[PDB]
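Before any comments, here is the structure.
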Amino acid sequence: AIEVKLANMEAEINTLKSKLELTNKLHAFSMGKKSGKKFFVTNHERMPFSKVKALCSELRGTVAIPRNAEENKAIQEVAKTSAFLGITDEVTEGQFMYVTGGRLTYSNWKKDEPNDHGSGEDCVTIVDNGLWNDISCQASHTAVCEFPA
Amino acid sequence: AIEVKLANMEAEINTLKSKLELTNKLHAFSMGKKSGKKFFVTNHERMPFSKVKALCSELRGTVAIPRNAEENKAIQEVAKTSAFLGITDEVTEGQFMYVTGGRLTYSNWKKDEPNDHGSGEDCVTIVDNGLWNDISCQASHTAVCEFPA
Amino acid sequence: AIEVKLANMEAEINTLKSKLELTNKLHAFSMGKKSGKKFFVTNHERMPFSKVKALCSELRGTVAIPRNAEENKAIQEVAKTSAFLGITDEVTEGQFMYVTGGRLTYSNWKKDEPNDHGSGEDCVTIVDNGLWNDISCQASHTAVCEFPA
Ligand SMILES: [Ca+2]
Ligand SMILES: [Ca+2]
Ligand SMILES: [Ca+2]
Ligand SMILES: [Ca+2]
Ligand SMILES: [Ca+2]
Ligand SMILES: [Ca+2]
Ligand SMILES: [Ca+2]
Ligand SMILES: [Ca+2]
Ligand SMILES: [Ca+2]
Ligand SMILES: [Ca+2]
Ligand SMILES: [Cl-]
Ligand SMILES: [Cl-]
Ligand SMILES: [Cl-]
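Same order as they appear, the protein sequences are chains C, B and A.
Position 12 of the first sequence, counting from 1, maps to 84 under PDB author numbering, and the rest follow consecutively.
Position 114 of the second sequence, counting from 1, maps to 186 under PDB author numbering, and the rest follow consecutively.
Position 15 of the third sequence, counting from 1, maps to 87 under PDB author numbering, and the rest follow consecutively.
Next up, the structure:
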């Protein structure tokens with residue numbers, strides 16, 4: 073009994089793991105995930121940067137970051153409005169870095185941006201043109217999370 | 073060995089449970105669930121109130137109920153068309169009650185409504201502009217379920 | 073007590089099985105699955121027929137198959153563009169069959185189709201107005217999968 077039931081439950085657990093993996097594949101598919109491409113998702117809610125980071129972190133994802141023009145357009149299409157990107161110069165003013173770490177390898181700054189305007193701007197929002205504008209991390213913009221290809 | 077295998081399997085199960093909860097959170101988010109707000113969702117199918125109740129119950133949710141103007145707008149945008157709300161005045165005519173219990177707090181009745189028109193109207197539909205109209209429970213309207221925040 | 077921990081594990085696993093089933097049901101509901109009806113899903117990606125089959129099969133579904141006009145309309149609404157159907161005449165030219173078996177019954181061919189045009193056309197796409205056109209299986213069209221009622 074004991075050992076047989078124990079061996080069975082290991083197979084029951086592996087079966088459930090396979091099923092959950094499949095469920096995740098189906099949900100990603102219905103969410104628009106393209107083959108071998110990272111995908112972006114939003115609940116269309118606007119909130120401050122820290123809340124977006126906490127929200128995407130919970131979902132085991134990260135705040136959306138475009139690494140090229142294609143991804144930048146992908147994020148733009150998903151958000152439909154201004155959306156925070158996972159990029160900030162909070163550590164050293166004027167020096168933008170990915171929240172995941174490192175200096176920028178691609179950018180699409182609007183003319184004369186980033187400018188740390190007025191009282192200060194350490195976050196970044198992709199606007200309705202695909203262009204970028206640094207803005208207050210306290211302002212509320214659309215939450216867009218990113219998941220791996 | 074046995075006690076160690078069992079311990080290791082309990083660990084795997086806990087991990088699977090967390091992963092499943094993550095799948096549920098990502099799904100709700102992708103479908104528009106707002107932070108700290110109830111999750112409203114529909115399959116766009118129209119059916120009698122009894123069927124709507126059975127359907128949401130089977131999903132472990134309940135027929136959508138607007139507790140305030142914010143929730144009412146939320147349900148309105150998810151439904152798109154006329155949809156049943158989890159409210160009826162089946163016990164005492166004129167006394168609308170939530171299917172989950174309690175007297176109606178918030179309401180958004182249309183002019184000249186509720187009117188218990190014709191042979192009687194004990195159910196409620198959110199219609200145009202998000203206003204409410206009492207209607208026959210046997211009539212077919214969109215099924216919108218709600219899940220907790 | 074080993075036996076008590078084992079019985080609890082059995083209860084934990086069964087609880088997970090029920091919860092995963094609920095997650096699958098809720099996701100299908102959110103994706104538009106109507107009661108007693110099969111449902112269709114797409115990620116809007118365009119690809120050759122063999123890729124669509126492979127992808128749908130992996131999700132334990134199949135390339136969408138319109139068995140009647142209601143389903144055809146449903147597939148048309150989900151796809152939004154030209155999409156492959158789970159129907160081909162690869163086995164015997166001129167004789168269309170479902171990928172899962174059986175000779176084609178209901179059909180919605182555009183005038184003068186199918187025509188096995190040029191070097192040949194053994195696949196089928198639902199196009200404009202929801203009508204059908206036989207096309208090369210090597211061409212890339214929208215991937216739409218169907219799942220059981
Ligand atoms: Ca600063
Ligand atoms: Ca700055
Ligand atoms: Ca700026
Ligand atoms: Ca009555
Ligand atoms: Ca009444
Ligand atoms: Ca009425
Ligand atoms: Ca042929
Ligand atoms: Ca010919
Ligand atoms: Ca042919
Ligand atoms: Ca043709
Ligand atoms: Cl700031
Ligand atoms: Cl009634
Ligand atoms: Cl072909």
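Where a beta carbon is used, it is the ideal one built from N, C-alpha and C, also for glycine.
Taking Cβ positions, are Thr95 (chain C) and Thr160 (chain B) nearer each other than 8 Å?
Cβ distance not < 8 Å, so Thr95 (chain C) and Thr160 (chain B) don't count as in contact.
Could you pull the start and end residues of the beta strand (DSSP E) that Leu157 (chain A) belongs to?
From DSSP, the beta strand (DSSP E) with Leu157 (chain A) extends over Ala155 to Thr160.
Can you give me the start and stop residues for the alpha helix (DSSP H) that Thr87 (chain A) sits inside?
Looking at the DSSP string, the run of the alpha helix (DSSP H) that includes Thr87 (chain A) is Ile74 to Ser102.
Closer than 7 Å: is that where the CB of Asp161 (chain B) sits relative to any heavy atom of ligand 5?
Under cutoff, so the answer is yes.
Can at least three beta-carbon pairs, one atom from the segment 182–199 of chain B and one from the segment 101–117 of chain B, be found at a separation below 8 Å?
As far as the Cβ criterion goes, the segment 182–199 of chain B does not touch the segment 101–117 of chain B, which means the pair count is below three.
Go ahead and pull the three-state DSSP assignment for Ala141 (chain C).
Of the three classes helix, strand and coil, the one that applies to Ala141 (chain C) here is helix, per DSSP.
Please confirm whether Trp204 (chain A) and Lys183 (chain A) have their CB atoms less than 8 Å apart.
Against a cut-off of 8 Å, the Cβ pair of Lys183 (chain A) and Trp204 (chain A) comes out as no contact.
In whole angstroms, what separates the C-alpha of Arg132 (chain B) from that of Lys89 (chain A)?
Their backbone Cα atoms lie some 15 Å apart in a straight line.
For the candidate residues C:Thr114, C:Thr172 and C:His189, whose alpha-carbon lies nearest to that of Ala155 (chain C)?
Answer by Cα proximity: C:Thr114.
Please look up how many angstroms separate the CB atoms of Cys209 (chain A) and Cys128 (chain A), rounded, as I've assumed it's under 8 Å.
At roughly 15 Å, the Cβ-Cβ gap does not stay under 8 Å, so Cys209 (chain A) and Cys128 (chain A) are not in contact.
At which residue ranges does the segment 177–210 of chain A contain complete beta strand (DSSP E) runs of 3 or more residues, listed in the order of the chain?
Fully enclosed beta strand (DSSP E) runs of 3 or longer: 195–198 and 204–207.
Return yes when the C-beta of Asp200 (chain B) is under 7 Å from any heavy atom of ligand 3, and no when it is not.
No - ligand 3 has no heavy atom lying nearer than 7 Å to the Cβ of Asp200 (chain B).
Taking a Cβ distance cut-off of 7 Å, strictly less, list which residues of the segment 95–125 of chain A are near chain B, in chain order.
So the close ones are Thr95, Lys97, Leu98, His99, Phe101, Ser102, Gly104, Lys105, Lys106 and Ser107.
Would you list the one or two residues that DSSP bridges to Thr114 (chain B)?
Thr114 (chain B) pairs with B:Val216.
Taking all protein chains shown into account, decide if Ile74 (chain B) is buried (16 or more other Cβ within 10 angstroms of its Cβ) or exposed.
Per the 10 Å Cβ criterion, exposed.
Looking only at C-alpha atoms, which of A:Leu98, A:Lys91 and A:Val135 sits nearest to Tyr170 (chain A)?
With distances taken between Cα atoms, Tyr170 (chain A) lies closest to A:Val135.
By the criterion of Cβ-Cβ separation under 8 Å, what are the contact partners of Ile147 (chain C) in chain A?
Near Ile147 (chain C) there are no residues of chain A at all, since even the closest Cβ is about 16 Å away, more than 8 Å.
Looking only at DSSP bridge pairs, what is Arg175 (chain C) linked to?
Its beta-bridge partners are C:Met169.
Could you spell out the range, first to last residue, of the alpha helix (DSSP H) harbouring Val124 (chain C)?
Note, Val124 (chain C): alpha helix (DSSP H), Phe121 to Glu130.
Could you please give me the residues that DSSP links to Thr134 (chain C) through a beta bridge?
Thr134 (chain C) is bridged to C:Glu218.
When you check each C-beta in the segment 141–168 of chain C against every C-beta of chain A, which residues fall closer than 7 Å?
Within the segment 141–168 of chain C, no residue qualifies.
Please classify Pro186 (chain A) as buried or exposed, where buried requires at least 16 other C-beta atoms within 10 Å of its C-beta.
When all chains shown are included, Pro186 (chain A) counts as buried.
In this structure, does DSSP put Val163 (chain B) in helix, strand or coil?
Coil.
For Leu92 (chain A) and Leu92 (chain B), what's the separation of their Cα atoms in angstroms?
Each residue's Cα considered, the two are about 7 Å apart.
Measuring only the C-alpha atoms, how far is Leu157 (chain C) from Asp206 (chain B)?
Straight-line Cα distance between these residues: approximately 45 Å.
Look at the alpha carbon of residue 32 (chain C) and the alpha carbon of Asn86 (chain B), and state the distance between them as a whole number of angstroms.
Shown here, chain C extends from 73 to 221; a query on residue 32 (chain C) therefore has no answer.
CA-CA distance, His213 (chain B) and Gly192 (chain A)?
Looking at the two C-alpha atoms, the distance is approximately 47 Å.
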